[PDB]
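> the data below comprise the sequence and an experimental structure of the protein.
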Amino acid sequence: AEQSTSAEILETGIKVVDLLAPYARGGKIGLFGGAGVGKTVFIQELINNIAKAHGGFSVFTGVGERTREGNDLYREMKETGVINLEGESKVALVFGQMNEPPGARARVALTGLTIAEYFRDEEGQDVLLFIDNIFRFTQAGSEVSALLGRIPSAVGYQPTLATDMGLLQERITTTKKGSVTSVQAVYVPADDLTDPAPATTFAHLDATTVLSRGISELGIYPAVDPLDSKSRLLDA
Amino acid sequence: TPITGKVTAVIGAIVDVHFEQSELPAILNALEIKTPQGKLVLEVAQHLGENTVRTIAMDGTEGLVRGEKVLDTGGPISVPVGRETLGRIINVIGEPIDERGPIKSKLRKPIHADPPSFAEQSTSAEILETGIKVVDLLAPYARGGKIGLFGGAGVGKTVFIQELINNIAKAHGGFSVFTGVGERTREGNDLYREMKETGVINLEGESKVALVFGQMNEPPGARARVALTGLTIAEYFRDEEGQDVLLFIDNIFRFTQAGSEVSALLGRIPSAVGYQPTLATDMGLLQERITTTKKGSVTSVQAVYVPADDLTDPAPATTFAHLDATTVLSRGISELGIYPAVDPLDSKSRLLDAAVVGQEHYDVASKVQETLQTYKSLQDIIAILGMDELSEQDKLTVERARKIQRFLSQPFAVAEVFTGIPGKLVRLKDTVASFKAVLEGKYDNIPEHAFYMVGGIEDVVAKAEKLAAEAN
Amino acid sequence: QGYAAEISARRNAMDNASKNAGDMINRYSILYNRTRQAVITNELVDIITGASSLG
Amino acid sequence: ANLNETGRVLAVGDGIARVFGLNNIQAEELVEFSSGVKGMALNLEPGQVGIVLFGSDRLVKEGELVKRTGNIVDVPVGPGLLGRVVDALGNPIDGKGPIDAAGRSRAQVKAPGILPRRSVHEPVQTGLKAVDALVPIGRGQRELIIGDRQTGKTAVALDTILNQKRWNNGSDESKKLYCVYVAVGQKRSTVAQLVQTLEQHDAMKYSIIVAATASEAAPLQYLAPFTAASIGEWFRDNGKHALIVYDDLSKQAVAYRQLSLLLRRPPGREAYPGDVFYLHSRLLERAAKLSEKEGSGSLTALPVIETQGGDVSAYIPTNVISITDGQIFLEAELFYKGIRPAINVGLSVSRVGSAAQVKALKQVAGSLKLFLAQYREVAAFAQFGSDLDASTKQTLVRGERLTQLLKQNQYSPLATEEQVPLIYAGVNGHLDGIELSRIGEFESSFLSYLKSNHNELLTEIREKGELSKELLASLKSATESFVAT
Amino acid sequence: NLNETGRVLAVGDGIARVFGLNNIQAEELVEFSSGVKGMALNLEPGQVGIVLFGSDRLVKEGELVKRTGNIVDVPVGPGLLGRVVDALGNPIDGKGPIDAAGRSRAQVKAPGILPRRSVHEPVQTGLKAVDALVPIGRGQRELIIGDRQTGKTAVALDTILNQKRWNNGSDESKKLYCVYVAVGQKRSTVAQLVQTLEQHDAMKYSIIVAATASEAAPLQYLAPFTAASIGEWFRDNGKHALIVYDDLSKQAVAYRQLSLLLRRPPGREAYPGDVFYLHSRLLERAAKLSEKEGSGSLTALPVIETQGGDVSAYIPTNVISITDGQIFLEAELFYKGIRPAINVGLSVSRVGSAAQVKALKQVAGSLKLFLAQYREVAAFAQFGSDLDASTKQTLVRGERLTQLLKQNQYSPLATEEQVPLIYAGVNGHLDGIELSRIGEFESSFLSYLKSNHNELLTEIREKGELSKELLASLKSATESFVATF
Amino acid sequence: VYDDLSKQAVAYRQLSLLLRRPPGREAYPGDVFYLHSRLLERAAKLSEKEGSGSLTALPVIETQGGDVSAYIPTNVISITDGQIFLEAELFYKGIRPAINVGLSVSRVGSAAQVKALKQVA
Ligand SMILES: Nc1ncnc2c1ncn2[C@@H]1O[C@H](COP(=O)(O)OP(=O)(O)OP(=O)(O)O)[C@@H](O)[C@H]1O
Ligand SMILES: Nc1ncnc2c1ncn2[C@@H]1O[C@H](COP(=O)(O)OP(=O)(O)OP(=O)(O)O)[C@@H](O)[C@H]1O
Ligand SMILES: Nc1ncnc2c1ncn2[C@@H]1O[C@H](COP(=O)(O)OP(=O)(O)O)[C@@H](O)[C@H]1O
Ligand SMILES: [Mg+2]
Ligand SMILES: [Mg+2]
Ligand SMILES: [Mg+2]
């Protein structure tokens, strides 16, 4: 009953976005492409824009984040201005190192989700939740369910996989008070989309912003690929 | 004094019964439980020990309460046998389910019985004309032999049988036994309509076939025994009556499928693929009973299901060895629009011998295979390069081959509601001459379309002429 | 003149060949997945069946 | 401490609970815990009992109190469910007040026997031309909707519901066809927006919604199809016609394989348990056409299965195909070429269509299915560029025209009377001469020609529903005259 | 008390946990009160695991059990000749009791390293494709691996039929007795097989052991071992034997069943760990004995059933490693018209020419190597490019040699009839003949020699070799016939 | 330089199985990834305040026929910061060391390369 009865577009601040693959308000967006395409640069952007257009804060969540990258990220964010120590920050950071046990890894996401829901139900803002990467979240579960003794499903993943995915994606939605838009990266295991983990993830994704090397190679910034970027809200 | 016991456990289609008395019922025996809805029949499977036994439910176990009283029958599940079963629909348990009163039969034999002795085995090499081109030409069925119809889902296994019943059961003269194992309940009803309309089964009059059903809607225990029920009835007319009988089973796979559901609860260690360790035996005892003996002959048309279109699957792979004729349907052929989707290559029989079907028949058939084979071996080339790269000799064989393949199709009277084309029954004699004429290259002028869904060879030239007027 | 006509046809021949053969790769590559996953799940079943052994 | 109707929790985890007691409990009987969570005695052992959890195990603590319901899991059934959205238990989730149920039915019902049945013969207009021509659906049929992600699987089921409005608003009852949509493993928004579209088209009045979101525990998604089934079975026994659509059964099996693996059950193909077949089996069987003695009621089912990479050879898919009475595969390739609905005539099938199809369509569309089947074989064989003869080329020109004619936009249902004319022209060849890019505009312009002129023909095919030997001629002279201009 | 007796604790699936029996040996035969016998495989303090040879519906808890005191053995000797027995060695043909001379155990130690001889004695299989390419030798085990419905049994069957040439003779050291071991087959087939042997007066020197599918798993498992002891008999008394297993693939499935049911942990695909040791200690039992031992010998023709042509499988690889080569049979070659469909590319014989006949050894030296070149040229001419004189010359001959190897079933050809044909092939006298002519050419050429040049056939037969003179006459006899017609 | 992590996992798998711990993909317990991740993350570049000290890691993984999709390799490749993929084929041609430029990558790149060489690389 608290769910909305209509999907609306969420103005980001990028032509390549609003015109081609627009972000769904309270939907799930898939971000492809690793370092080299300025992934980090494309993230801090969405945090600024929305902070000025919708004035909604952002929450970054790192599951099995590389301690190396976590450092350079934090530092970069202070150089861009998305995070000011003396002034006012706009985004909260919640990293989950890789050297941590599966237990913690599989909960990092929920930790960041909680903080985000606060500004949705309390302050009613269009908060953005960033998850990198939704893949290690499934892997985390797989190691946990593995140790517990639970029998391995198809491909080795956990049987409970189906329910877990929903205990995170469903919580990210637009309510009557506020809304939470998820911008989580996606990793394709062995360049195969038949695999359960990806298959299950895409079932919630509403849009996908791909970042190709060949796009940034032509001097096009951001490296967003117009052909690959698609949205489920691209209708009259 | 009736032997009585109490339930100790109820897990799915598996109920554990315990007896206070020191006398325990043997294995394969029946049991009954009083319920408001009726009576629930059980079947002993194994003695767990401690005066406790493990049994398999024959119906839903909903409502069963632990410690409830259980009455013993004193004998393995038996079912009425005799001419009294004809024109009646019998249940897995052996009771009328057509609402027409109890089957007043003379004798009632058990579903469990040992396979015929090796000395009792009788072999025969008599051909059986069906009217089906792709069969009577490539893998002809034998009288009182074993027939198998493999194929994935929606390939044409039943529709194939229905035609066999529309062409053999009518001009047969003996008795018939149809048993639907784990199949659409709807197909059973429509099957009942057909038997009545055709007059095979006349309520007021007599009938020529008995109907035994253990549909998929029924729990695993039933889907496992139904096959045995139907078989007991047919082995009666075989020994007792000593008359030709046609045993139609569909689908036989459900037999092992239903047994692999419970094997887990029975406490058996799952073999590869999940199938119960004793797949070979169980399937063995069944097929060994379905055969012709020195007392009577029985022609069985068993349909086999192919999981995920995989013929290497242990279920179907252990079925071929129990068949004198194998007709496999590939969904890769049905999708082409070719029906029946019989695969000439994979299809085998024991009658495909010149010392039986004749020297000429042997040669014509072989030529058809080679031609079809050569088309398949170049299929990779065709998708990549094309026919332009094919040699003169090879390019001529392809076209000819493609002509032979399309010609294999045949309109089915039963499937007229699908093709919109009236059935076509072709004799073995004409079929041979037909292909032989195509091999000689006497119809290389006629377009391929004229071979598609065509009955008699005459109809080819007829259809070719009709296409001349349609060209604008 | 008839040489310029061969090269022209041969340039068309190998164009469609790359398209068919190319597109054929995008078909077998899918069969390589289902077959890869099958081997990973099957090898896993024996490992579980060998450990689920009790009395 | 009555160890006859109540017991204590011994252990909990993996979504299963082992309670001690309950000596008078029935197999698969609903139960409740101190927290208020409903369970079900899926198995009974000496000295303990297995209960599945319909809620989060967080709420189940070890050593709590466990009371029994005394009745097997059931759901409210009646006409009062119309326009109302409930869950797997039958409780309202929309907030329009409690449900007005006429009675309560078991969650696990057995399919009607073989005797109390009749072959389907009642056409069920889906609004789609390519559908009600190649693989029509009848009252009591079980048509599968198989296809890959985003291929238009629900788009065929959804339009069917909106097209029923043409008879639901009528006075007669045997013409009306109630609808019961089932959503399992789907998103909250996905269902909410789905409901909204129904209200815009005013189709929710005659439709019942059952929810089993992914967030909800697996078992809910497991029992959702069965319960939702009983909701529509009611209409059947009352002599009414109902239509239930599962979206989707493939996810269910995944949810069930969960409880299946948790309870330690030997894995099968693709990690699915051997009894996965009996799952969808027991569910679909409960959809057929009863005899006249029963009430002449029916229950049409439209199960949905999602495949991977266009693989109909998969396990789950084949298991369903060996139960349903025909499939409507939706290839992705055709979906991207614009060809929508992306119905692949090659794999599409109808085991009881002509039997439940309008005779007006049976006449005009003869051997159209087989032709198309052979069409793709010669079409994909001439796409190399090679030159062909007149025979293959002639069939290649007519095939293309028919393929484009099968195309249809969503939310645009057409009356059978409107479909009959289009098919006639395709087979005859009048379209062949017509340009390929004018096939679309031609359809919209041809319909207006009949309404403005030969309206009498439309009114005849409407009532009669069959083309006589006389109307056949009046039609030919009317189309031929239009093709020329 | 319980030392020689015991009470049954549980029973089911052909397994029976009896309590007691604290003086029973390993793998010892036992008898229940019901009459049914059993075999003890698992020895434990609590209970003893026993496998049933018959149905288990007769054994019940608390039943008495008695022991035999002896290891499961079978009757052996010449008496069995022409009789059809079961695992245990009891008659199943109904022709009186088995008059055996001695009784030997099922499990027998393989012959020693010292008492052996290198294989030098040929095994005329009557199959040209075989005796020319992959010759069989008295004392080796030549595998016959292939998919279903290819011609595995055929190869074996024809062999037995060919032995009639010497078994009707007076000389013993030349004859060769045959032991067919049906395992997993249906009684229907076995009956037809034995019928065919009689139709060729081949049953008199043939022993058959039946272990049909219907029988208990322990029978199918023990069948081969007992059957081997039967044949070993001749080997020890200085006679030659030829056993055919058909097929070990089923036997492993059977032996897999006892393991799983006895609750013995599975290895790969549920097969028992020592599944290799199942075929290893079987095939090694057949070999050529020393002159001191009797110059006796036992040849083995194991049969395996692959799936989808996958020789990389678990069981097949296990056996390929043990057997002295294999006669690979491909389904695809069968349709192409290569019958028997022996793939030379993959079929080899480890004994090689040592076993082959000396005469036939000369006429075909690099023939196998040449057929390798043929497939090399046949694949390269696929390009559609013109071929020079060399690549076409070998292509012409290589194509006809493949056509000469084709031989009809049930038609074994003597050595004196194989040499001449191969001679005219390897040389190049068939090059100048049409392909569809090679067929009748064979029969015509033979009839030519049997009428005119019959003296030569008589020299090749006795001598078994080719002298400088015999080649001269044979040379002229060939050319003279080519000129004819 | 860890030469090689592949062998380490095998050893650890052995202990885990013998101890009757749950077997995962390819018979590797769920904590196998936690093993290498808790090893490689130990090497890094300490800041100026910490001592500016540094620990470089060059882990070695042996694939089975180029199968980088295997379990163990996927774990390692996911944690490291670049690969020096080597192919036997390239080795045979003569290209030694056979470092597949196409696959070999480094996420740090020029950040840690001499400008004298960066200007020509
Ligand atoms: N005939 C059509 N013409 C144009 N667009 C269509 C047509 N049918 C469906 N679509 C579009 O395809 C989109 C995907 O929705 P749809 O429900 O059809 O996919 P689906 O395969 O049913 O997805 P799911 O199975 O997950 O529900 C729809 O939003 C709709 O706009
Ligand atoms: N040399 C041959 N020429 C022609 N046909 C043959 C030949 N050998 C066998 N066949 C045919 O092949 C069919 C099966 O042959 P065969 O019995 O040898 O196969 P198999 O390997 O025994 O298969 P299975 O193990 O299932 O019996 C028979 O119908 C037979 O007619
Ligand atoms: N001889 C045939 N000609 C045309 N179609 C056929 C034929 N046999 C079967 N079919 C197709 O199979 C469908 C029915 O499937 P069915 O034969 O019942 O499959 P199954 O073997 O799974 O029962 C029909 O729609 C029909 O088109
Ligand atoms: Mg069927
Ligand atoms: Mg859908
Ligand atoms: Mg055989």
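Structure received. Numbering: from 1, shown residues only, chains lettered A, B, ... in the order given. Ligands and ions are numbered 1, 2, ... in the order given.
> quick one: stretch D:83-100 to chain centroid distance?
Its chain's C-alpha centre and that of stretch D:83-100 lie 22 Å apart, by CA atoms, centre = their mean, to the nearest Å.
> C-alpha coordinates for that stretch, CSV please?
The C-alpha coordinates for stretch D:83-100 follow below in CSV (Å, rounded to 0.1, in the frame of the first residue of the first chain):
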residue,chain,number,x,y,z
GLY,D,83,-11.1,-5.7,-7.4
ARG,D,84,-9.1,-6.6,-4.3
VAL,D,85,-5.4,-7.4,-3.9
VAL,D,86,-4.4,-10.1,-1.4
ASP,D,87,-1.3,-12.2,-0.6
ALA,D,88,-0.7,-15.9,-0.3
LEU,D,89,-2.8,-16.2,2.9
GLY,D,90,-5.7,-14.4,1.4
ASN,D,91,-5.4,-11.3,3.6
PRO,D,92,-5.9,-7.8,2.0
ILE,D,93,-2.7,-5.9,1.3
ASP,D,94,-4.3,-2.9,-0.5
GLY,D,95,-6.1,-1.5,2.5
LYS,D,96,-9.7,-1.4,1.3
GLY,D,97,-11.0,-3.3,4.3
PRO,D,98,-11.3,-7.1,5.0
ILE,D,99,-12.3,-9.5,2.1
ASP,D,100,-15.9,-10.6,1.7
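> and the closest residue to residue D:338 other than its chain neighbours, how many neighbours does it have?
Leaving aside its sequence neighbours, residue D:338 sits nearest to residue D:407 (CB to CB, 6 or more residues apart in numbering or on different chains; 7.3 Å). For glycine as for every other residue, the C-beta is placed from the backbone atoms N, C-alpha and C. Residue crowding around residue D:407 was assessed by other CB atoms under 10 Å in any protein chain shown; the count is 19.
> again with residue A:25
Neighbours of residue A:25 using other CB under 10 Å come to 21.
> repeat that for the one 4 residues further on.
The burial metric for residue A:29, expressed as a neighbour count using other CB under 10 Å, is 27.
> that one falls within a strand, correct?
Yes. With DSSP: H, G, I helix; E, B strand; the rest coil as the criterion, residue A:29 is part of a strand.
> does it really touch residue A:22, like I thought?
No. Counting by CB atoms under 8 Å, residue A:29 does not reach residue A:22; the two are 9.6 Å apart.
> for chain A, what lies in contact range of chain D?
Within chain A, the residues that sit near chain D (CB under 8 Å from any CB of the partner chain) are A:1, A:3-7, A:26-27, A:148, A:150-154, A:159-160, A:162-163, A:165-167, A:169-171, A:173-174, A:193-194, A:199, A:202-204.
> buried subset of the residues you listed, written for ChimeraX?
Entered in ChimeraX, the line below selects the buried ones among the residues of chain A next to chain D, by 16 or more other CB atoms under 10 Å in any protein chain shown:
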select /A:3,4,7,26,27,150,151,152,153,154,159,160,162,163,165,166,167,169,170,171,173,174,194,203,204
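> ok, for residue A:77, nearest residue in space, not its chain neighbours?
residue A:83 (4.3 Å).
> for ligand 5, see how far away residue D:111 is.
With distances taken as CB to the ion, to the nearest Å, residue D:111 is found 26 Å from ligand 5.
> now swap in residue A:230 and tell me
Applying CB to the ion, the value for residue A:230 to ligand 5 is 18 Å.
> need the contact list for that residue.
A:21, A:207, A:208 (CB atoms under 8 Å, 6 or more residues apart in numbering or on different chains).
> considering only the residues you listed, which also neighbour chain C?
Answer for those near chain C: none qualify (CB under 8 Å from any CB).
> so where does the most centrally placed residue in chain A fall, helix or strand?
A centroid search over chain A (CA atoms, centre = their mean) returns residue A:184, at 1.8 Å, as the residue closest to the centre. Assigned by DSSP states H and E, residue A:184 falls within strand A:179-185.
> residues in contact with that strand?
The contact list for strand A:179-185 (CB under 8 Å, 6+ apart) reads A:10, A:23-32, A:39, A:43, A:46, A:116-117, A:120, A:125-135, A:169, A:172-174.
> flag every residue of chain C that's near chain E.
So chain C meets chain E at C:46, C:49, C:50, C:53, C:55 (CB under 8 Å from any CB).
> and with 10 Å instead?
C:42, C:43, C:45, C:46, C:49, C:50, C:51, C:52, C:53, C:54, C:55 (CB under 10 Å from any CB of the partner chain).
> buried only: go through these for me.
Buried among the residues of chain C next to chain E by 16+ other CB under 10 Å: C:45, C:46, C:49, C:50, C:51.
> what's the closest non-adjacent residue to the closest residue to chain A within chain D?
Closest residue of chain D to chain A, CB to the nearest CB: residue D:214 (3.1 Å). Nearest residue to residue D:214, sequence neighbours excluded (CB to CB, 6+ apart): residue A:166, at 3.1 Å.
> that neighbour and chain B, how far apart?
28 Å (CB to the nearest CB, to the nearest Å).
> now do the phi/psi pair for the residue nearest to residue D:338.
phi -60, psi 150 (degrees, to the nearest 10).
> show me what contacts the residue of chain A found nearest ligand 5?
Residue nearest to ligand 5 within chain A (CB to the ion): residue A:203, separated by 11.2 Å. Residue A:203 is in contact with A:28, A:162, A:165-166, A:169, D:149, D:185-187, D:190, D:214, D:251, D:306, counting by CB atoms under 10 Å, 6 or more residues apart in numbering or on different chains.
> ok, those residues vs residue D:134, which is closest?
The closest of the contacts of residue A:203 to residue D:134 turns out to be residue D:306 (CB to CB; 21.7 Å).
> once you drop chain neighbours, what's closest to the closest one?
residue D:250 (5.0 Å).
> and for the residue in the stretch 201-350 of chain D that chain C sits nearest to, the neighbour number?
Of all residues in the stretch 201-350 of chain D, the one sitting closest to chain C is residue D:309 (4.3 Å; CB to the nearest CB). Counted with other CB under 10 Å, residues neighbouring residue D:309 total 17.
> what residues are up against it?
A:192, A:193, A:194, C:26, C:27, C:29, C:30, C:31, C:33, C:34, D:148, D:332.
> next up, the contacts around residue A:85.
residue A:78.
> surely it is in a strand?
No. Counting by three-state DSSP, residue A:85 falls outside a strand, being coil.
> ok, now how distant is it from residue A:75?
According to CB to CB, to the nearest Å, residue A:85 stands 12 Å off from residue A:75.
> do the same with residue A:172
Distance from residue A:172 to residue A:75, by CB to CB: 28 Å.
> neighbour count winner among these two?
More crowded of residue A:172 and residue A:75, by other CB under 10 Å: residue A:172, with 22 against 10.
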